Amino acid sequence: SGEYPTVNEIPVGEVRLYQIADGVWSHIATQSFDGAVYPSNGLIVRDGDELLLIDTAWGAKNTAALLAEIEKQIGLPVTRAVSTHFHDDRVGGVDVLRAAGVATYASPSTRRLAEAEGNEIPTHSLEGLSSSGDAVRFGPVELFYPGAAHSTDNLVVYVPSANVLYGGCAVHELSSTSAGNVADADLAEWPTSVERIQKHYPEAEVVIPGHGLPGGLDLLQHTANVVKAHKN
Ligand SMILES: C[C@@H](c1cccc2c(-c3ccc(NS(C)(=O)=O)c(C#N)c3)c(C(=O)O)[nH]c12)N1CC(CN2CC(N)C2)OC1=O
Ligand SMILES: [Zn+2]
Ligand SMILES: [Zn+2]
């Protein structure tokens, strides 16, 4: 009923959208992994009379449900998708997207890691993102590679029209007391990568984490704090 939806509010398989700004939504779904249930976010950005999708809904059936929810709530076609790192909460569902006419994209680093891991593989490679601090335009967003953080390949996404910063899994929500799933993380580089985000997007008004509640710029500093403390 208007609040940002949370893990116990979304059955696995269902997707909800949340309006972030004009022409910007997050998508929220939940998924089981190693016997626990987790929420995760993605982004939807209006791209004229089309939509740009950022990240899958973490699984094939969740991603099919995402497409259906988009049709119900928005009614514009998803034509392109970008996955912001190689984990299943970002690429799981790419095959569903690819069969629904969506052109799927990721950095070459993400594509190589997804392939090596046995995850679904976006079709198209996003060049121009291989060095930390790199940025490229992609429809109505800017893609930014901040450096290694949650993963070595993690990208963040900025929506300049709305000053929305989608941090993906390099950014945690304010209630986070732990650094999430750090299996593929670089805890030493993560604060430096967050500092790069902070420097590059000082006008961000909404910051969306990969999992959990959006907030403001403080999510960035909080993330750096939690990651440093976890490493400690
Ligand atoms: C697919 C993905 C993955 C799965 C499950 C949980 C998470 C998490 C995660 C954790 C705790 C969390 N909150 S809470 C109160 O502590 O429980 C929250 C939240 N809110 C999120 C994140 C994240 O933090 O982004 N991502 C996850 N995976 C898999 C993986 C490495 N696996 C070994 C193989 N190489 C694949 O690495 C990763 O990220
Ligand atoms: Zn991840
Ligand atoms: Zn994640």
Side-chain angles (χ1 to χ4, degrees), residues 4 6-7 20 26 28 30-31 33-43 54-55 58 82-91 106-107 109-110 112-114 116-117 119 126 129-136 141-159 163-232:
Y4 199 81
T6 66
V7 73
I20 293 285
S26 64
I28 313 87
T30 52
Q31 188 54 270
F33 178 93
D34 282 30
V37 169
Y38 301 91
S40 76
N41 296 320
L43 205 70
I54 312 297
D55 292 326
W58 197 353
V82 171
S83 294
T84 61
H85 69 275
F86 73 101
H87 290 157
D88 194 49
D89 60 315
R90 311 293 129 194
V91 298
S107 74
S109 178
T110 296
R112 284 189 282 274
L113 291 166
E117 188 96 357
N119 291 350
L126 296 167
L129 289 167
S130 68
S131 286
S132 60
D134 275 346
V136 304
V141 307
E142 185 172 59
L143 307 178
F144 181 73
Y145 175 51
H150 167 81
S151 64
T152 56
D153 60 324
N154 46 34
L155 300 181
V156 306
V157 180
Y158 197 70
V159 189
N163 289 299
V164 172
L165 178 56
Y166 175 85
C169 301
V171 176
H172 300 148
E173 72 175 322
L174 288 176
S175 66
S176 170
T177 62
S178 26
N181 193 332
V182 296
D184 298 316
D186 187 333
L187 293 176
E189 267 322 303
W190 197 333
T192 301
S193 299
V194 164
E195 279 153 24
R196 292 198 182 84
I197 302 169
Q198 291 172 311
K199 168 176 193 30
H200 205 82
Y201 296 115
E203 309 191 319
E205 292 175 25
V206 175
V207 180
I208 302 168
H211 306 264
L213 310 190
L217 274 162
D218 275 18
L219 274 68
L220 307 177
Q221 186 60 48
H222 179 64
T223 298
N225 290 344
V226 163
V227 168
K228 286 144 180 160
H230 180 291
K231 198 196 163 161
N232 287 347

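Below, all heavy atoms of this structure are taken into account, side chains as well, without hydrogens, waters or symmetry copies. One is the number of the first residue; the rest follow in order along the sequence.
- Contact annotation: the side chain of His172 approaches that of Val227 to within less than 4.5 Å [non-hydrogen atoms, C-beta and beyond].
- A donor-acceptor pair under 3.5 Å is absent between the side-chain atoms of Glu189 and the main chain of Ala148, judged by distance alone.
- Here the closest heavy-atom approach between residue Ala170 and residue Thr223 is recorded as O-CG2, 3.4 Å.
- Between the side chain of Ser131 and the main chain of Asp134, no donor-acceptor pair closer than 3.5 Å is present.
- When side chains are defined from C-beta on, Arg196 counts as touching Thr192, because their heavy atoms get closer than 4.5 Å.
- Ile208 is not listed as a side-chain neighbour of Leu165, based on a closest heavy-atom distance of 4.5 Å or more.
- A distance of 10.5 Å separates CG in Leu155 from OH in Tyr166, rounded to the nearest 0.5 Å.
- Between the side chain of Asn41 and the main chain of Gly212, a donor-acceptor pair closer than 3.5 Å is present.
- Side chain of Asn119 to backbone of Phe86: a donor-acceptor contact under 3.5 angstrom is found.
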Go through the steps to decide whether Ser176 and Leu174 satisfy the test side chain to side chain contact (heavy atoms under 4.5 Å, CB included), and finish with yes or no.
CA-CA 5 Å; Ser176 170; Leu174 288 176; over 6 Å; no
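- Rounding to the nearest 0.5 angstrom, the gap separating the CD1 atom in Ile20 from the OH atom in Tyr4 is 5.5 Å.
- Rounding to the nearest 0.5 Å places CG of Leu126 at 9.5 Å from OG of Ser83.
- Using a 4.5 Å heavy-atom cutoff, the side chains of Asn163 and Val206 are not in contact.
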Ring pair (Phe, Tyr, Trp, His ring centres under 6.0 Å) evaluation trace for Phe144 with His200:
CA-CA 9 Å; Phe144 181 73; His200 205 82; 4.3 Å; yes
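- Contact of the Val171 side chain with the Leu220 side chain is registered, since non-hydrogen atoms from C-beta on lie closer than 4.5 Å.
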For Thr177 and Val226: C-alpha separation, side-chain torsions, deciding distance, then whether side chain to side chain contact (heavy atoms under 4.5 Å, CB included) applies.
CA-CA 7 Å; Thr177 62; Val226 163; over 6 Å; no
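- Between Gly167 and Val156, the closest heavy-atom pair is O-CG1, 3.3 Å.
- Taken from CD in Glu173 to OG1 in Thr6, the straight-line distance is 9.5 Å, to the nearest 0.5 Å.
- Counting heavy atoms from C-beta outward, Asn154 and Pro146 have side chains that approach closer than 4.5 Å.
- Between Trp190 and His230, the ring centre distance reaches or exceeds 6.0 Å.
- Atoms CG and CD, from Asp89 and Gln31 in turn, are 10.0 Å apart once rounded to the nearest 0.5 Å.
- Residues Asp184 and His87 form a side-chain contact, since some pair of their non-hydrogen atoms from C-beta on lies under 4.5 Å apart.
- Using a 4.5 Å heavy-atom threshold, the side chains of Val141 and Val164 count as separate.
- Listed for the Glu142 side chain is no donor-acceptor partner under 3.5 Å among the backbone atoms of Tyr158.
- A distance of 7.5 Å separates NE2 of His150 from CZ of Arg90, quoted to the nearest 0.5 Å.
- Between the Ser151 side chain and the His85 main chain, no donor and acceptor come within less than 3.5 Å of each other.
- In this structure a side-chain-to-backbone donor-acceptor pair under 3.5 Å is missing from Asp153 to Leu113.
- Nearest heavy atoms, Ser26 versus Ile28: OG-CD1, 3.7 Å.
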